[PDB]
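Quick note on labels: first sequence line is chain A, next is B, and so on, each numbered from 1. These values consider heavy atoms only, across backbone and side chains, with no hydrogens, waters or symmetry-generated copies.
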Amino acid sequence: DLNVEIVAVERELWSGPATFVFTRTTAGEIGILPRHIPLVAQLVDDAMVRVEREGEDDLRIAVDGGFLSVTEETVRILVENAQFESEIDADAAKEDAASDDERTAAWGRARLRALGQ
Amino acid sequence: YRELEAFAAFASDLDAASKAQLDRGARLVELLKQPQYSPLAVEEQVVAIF
Amino acid sequence: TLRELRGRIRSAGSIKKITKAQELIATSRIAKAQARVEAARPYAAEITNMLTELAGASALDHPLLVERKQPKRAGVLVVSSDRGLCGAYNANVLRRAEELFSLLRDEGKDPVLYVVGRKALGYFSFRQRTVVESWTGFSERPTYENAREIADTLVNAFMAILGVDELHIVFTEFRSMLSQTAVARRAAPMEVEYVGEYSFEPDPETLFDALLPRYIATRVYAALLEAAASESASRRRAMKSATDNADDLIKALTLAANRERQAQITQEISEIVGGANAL
Amino acid sequence: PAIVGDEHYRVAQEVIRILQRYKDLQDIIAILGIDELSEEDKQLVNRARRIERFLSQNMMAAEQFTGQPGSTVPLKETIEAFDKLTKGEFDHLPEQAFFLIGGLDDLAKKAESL
């Protein structure tokens, strides 16, 4: 099973094991299952992450301009700021998605995508 | 040394010269320390302060 | 005189109470800030690791890694507190900043200020030195957003707009609880550190270029966190010193007030018995 | 000023102003130290400490106690030195450089030694 850890710059955000991880890197969409070759990539500005947690349901995360690393030991998602699907404010994300600012608009669109649109 | 020890009690760092002075002063103070009813002849004091 | 002494002994007691409270609150906030500093260590370590891998795979021609041909200006990010009672914290930071400015002039570089914290703004405004940009109100509780903004401004100045050909950061490193030392680090251009001895998407040149600004941002964030921890430690030390000084001043004023109390009693008795002897 | 001259009077009164402001701050300096003062008072306090230590002199009668020979400072040199100190032309030297020194030449000599 994958050792999936999501590390925000301020703090470590999540550390549960998973069977499958999914995200849109800058050069296309990618999925990682255990024993994937080492990799480094940049998640799209409005990226989202799906972690197929083995025990419970999958975890959908809105990620802000994060980086993805795959290693023989663990799968790391470095994050500037991220939110689990349960913590997303749907109305706030909808409002931000129309924001003029590129960063705010991208973050809101990422929140919408993680939530389930 | 007394003044510098008062200063350094709360300073964040001590320079090489300051630390050397503090170390010398601590040993000088410990050297002047003397037990009661144990006076020292003047030559013994000369050697001790030396 | 006795009334003045008792009023002063009242003030000193109130000040002792306030400074002891501040010392204990600083002891708590030191723990909080140190916990935050540790909490950001994983991201710093992992981003540094992937940065080393990309640099191994990169060309190493990014602007942040190559010295400018002729350095004219050198930005300096001075990280200072925003509230007083922090002892010589701000003084040490600004002394190191001035030493850095002298070194820069000896190298021909013209320093240009970016200042974090209100106190450094006052220090530099008194000395008629212009701060291009200043950020305030988060030295106690820095977030990653403030570090992102600071790093973005610094990197934009470095790339450029008059711009700067180099940039340093002066801040109080939190070496240990007892000791916190003002240090200056050149945050750009970064030295390539070859040492004895993966896949990349898109190619390692673009990924490395998009990662390096993030590295500068995380290093600035770590600097801000460590400066906050050092500020809290310096506040603890300064408030312990203030409490000790207030206690010593209370003792001195109490000894005095006792002396004038006894002297007033004596003088009153002298007057009374002088009147008695004459009558 | 009618007797000692306007220069002497001005320097003396500026020194007195600096020392009086230092005395007024003394109560705060006792608790918190110079680090809490404003930067116009911090500068004033630094040069006030230097003025206070410069008023000291290696007296000729003090040789029997210290061994250091005495020094005499002419009035014009004293006025010049304190005019400089009040204007901040010496506020970068260490304070001990002004201690029991007696003059500007000796001030420079001791500064070096430190």
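Residues C/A223 and C/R185 share a closest heavy-atom pair of CB-NH2, 4.2 Å. The shortest heavy-atom contact between C/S199 and A/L39 is OG-CD1, 3.2 Å. Between D/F54 and D/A81 the shortest heavy-atom distance is CE2-CB, 3.5 Å. Counting all heavy atoms, side chain and backbone alike, C/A229 lies closest to C/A33 at CA-CB, 3.7 Å. Taking each heavy atom of C/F174 and C/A233 in turn, the nearest pair found is CE1-CB, 3.8 Å. Between C/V170 and C/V93 the shortest heavy-atom distance is CG1-O, 3.6 Å.
Here D/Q96 pairs with nothing under the side-chain hydrogen bond (donor to acceptor under 3.5 Å, both in side chains) rule; sequence neighbours left out. Applying the side-chain contact (heavy atoms from CB on, under 4.5 Å) criterion to C/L24, with sequence neighbours excluded, gives C/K20. In this view, D/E52 satisfies the side-chain hydrogen bond (donor to acceptor under 3.5 Å, both in side chains) rule with no residue, not counting sequence neighbours.
Side-chain contact of C/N146 with C/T143: a donor-acceptor pair under 3.5 Å is present, judged by distance alone. Between the side chains of C/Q180 and C/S234, at least one donor N or O sits under 3.5 Å from an acceptor N or O. C/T218 and C/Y144 share no side-chain donor-acceptor pair at under 3.5 Å.
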Quiz item: Does the pair C/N92 and C/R95 meet the rule for a side-chain hydrogen bond (donor to acceptor under 3.5 Å, both in side chains), with working shown?
Solution: CA-CA 5 Å; C/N92 286 347; C/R95 192 192 307 119; 2.8 Å; yes
Self-check item: Derivation and outcome, side chain to side chain contact (heavy atoms under 4.5 Å, CB included), residues B/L4 and B/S18
Solution: CA-CA 8 Å; B/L4 170 152; B/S18 172; 3.5 Å; yes
Self-check item: side chain to side chain contact (heavy atoms under 4.5 Å, CB included) evaluation trace for C/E226 with C/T172
Solution: CA-CA 7 Å; C/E226 206 151 32; C/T172 308; over 6 Å; no
Self-check item: Residues D/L37, D/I29; criterion side chain to side chain contact (heavy atoms under 4.5 Å, CB included); working and verdict
Solution: CA-CA 8 Å; D/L37 302 180; D/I29 290 294; 3.6 Å; yes
Practice problem: Kindly determine whether A/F67 and A/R76 satisfy side chain to side chain contact (heavy atoms under 4.5 Å, CB included), including the steps that lead there. | Solution: CA-CA 8 Å; A/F67 276 75; A/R76 297 193 233 270; over 6 Å; no
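Enclosure of atom CG in D/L19 by more than 12 non-hydrogen atoms of other residues, nucleotides or ligands within 6.0 angstrom is indicated.
Salt bridge status for D/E39 with D/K42: present, with a side-chain N to carboxylate O gap under 4.0 Å. The residues C/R175 and C/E173 are annotated as salt-bridged, a charged nitrogen and a carboxylate oxygen being separated by less than 4.0 angstrom. Residues D/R21 and D/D41 are paired through a salt bridge, judged by an N-O separation under 4.0 Å between the basic side chain and the carboxylate. Ionic pairing of C/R235 and C/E231 is present here: one or more N-O contacts between side-chain nitrogen and carboxylate oxygen are shorter than 4.0 angstrom. In summary, D/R10 and D/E14 do not engage in a salt bridge, as defined by a charged side-chain N under 4.0 Å from a carboxylate O. Salt-bridge check for A/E80 with C/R214: passed, with a basic side-chain N closer than 4.0 Å to an acidic carboxylate O.
Looking at C/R73, its side chain never comes within 3.5 Å of a backbone N or O of C/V112 through a donor-acceptor pair. D/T86 places no side-chain N or O within 3.5 Å of a backbone atom of D/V15 that could act as its donor or acceptor partner. Distance alone, capped at 3.5 Å, places no donor-acceptor pair between the A/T71 side chain and the A/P38 backbone. At distances below 3.5 Å, not a single donor-acceptor pair connects side-chain atoms of D/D35 with backbone N or O atoms of C/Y89. In this structure, the side chain of C/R237 engages the main chain of B/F10 through a donor-acceptor pair within 3.5 Å. In terms of modelled atom types and a separation under 3.5 Å, the side chain of C/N245 and the main chain of D/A30 share a donor-acceptor contact.
A 4.5 Å side-chain heavy-atom check between C/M239 and D/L32 finds at least one atom pair inside the cut-off. The side-chain heavy atoms of C/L51 and C/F208, taken from C-beta on, include a pair separated by under 4.5 Å. Contact annotation: the side chain of C/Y114 never approaches that of C/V78 to less than 4.5 Å [non-hydrogen atoms, C-beta and beyond]. Under the 4.5 Å side-chain criterion, counting only non-hydrogen atoms from C-beta, A/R11 is in contact with A/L13. Side-chain contact between D/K84 and D/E80: present, with at least one pair of heavy atoms (C-beta onward) separated by less than 4.5 Å. Annotation: side chain of C/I47 is in contact with side chain of C/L211 (closest heavy-atom distance under 4.5 Å). Looking at D/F99 and D/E95, their side chains never come closer than 4.5 Å, going by heavy atoms from C-beta outward. A 4.5 Å side-chain heavy-atom check between D/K87 and D/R47 finds every atom pair outside the cut-off.
Annotation: the span from A/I30 atom CD1 to A/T25 atom OG1 amounts to 5.5 Å, rounded to 0.5 Å. Taking CZ of C/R148 as the start and CZ of A/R103 as the end, the distance is 5.0 Å to the nearest 0.5 Å.
Within the cation-pi definition used here (under 6.0 Å to the ring centroid, within 45° of the axis), C/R68 qualifies as a partner of C/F158.
Of the options A/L43, A/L68, A/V63, a side chain to side chain contact (heavy atoms under 4.5 Å, CB included) to A/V79 is made by A/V63 and by none of the others. Here the rule is side chain to side chain contact (heavy atoms under 4.5 Å, CB included) with C/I169, and of C/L224, C/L100, C/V79 only C/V79 fits it.
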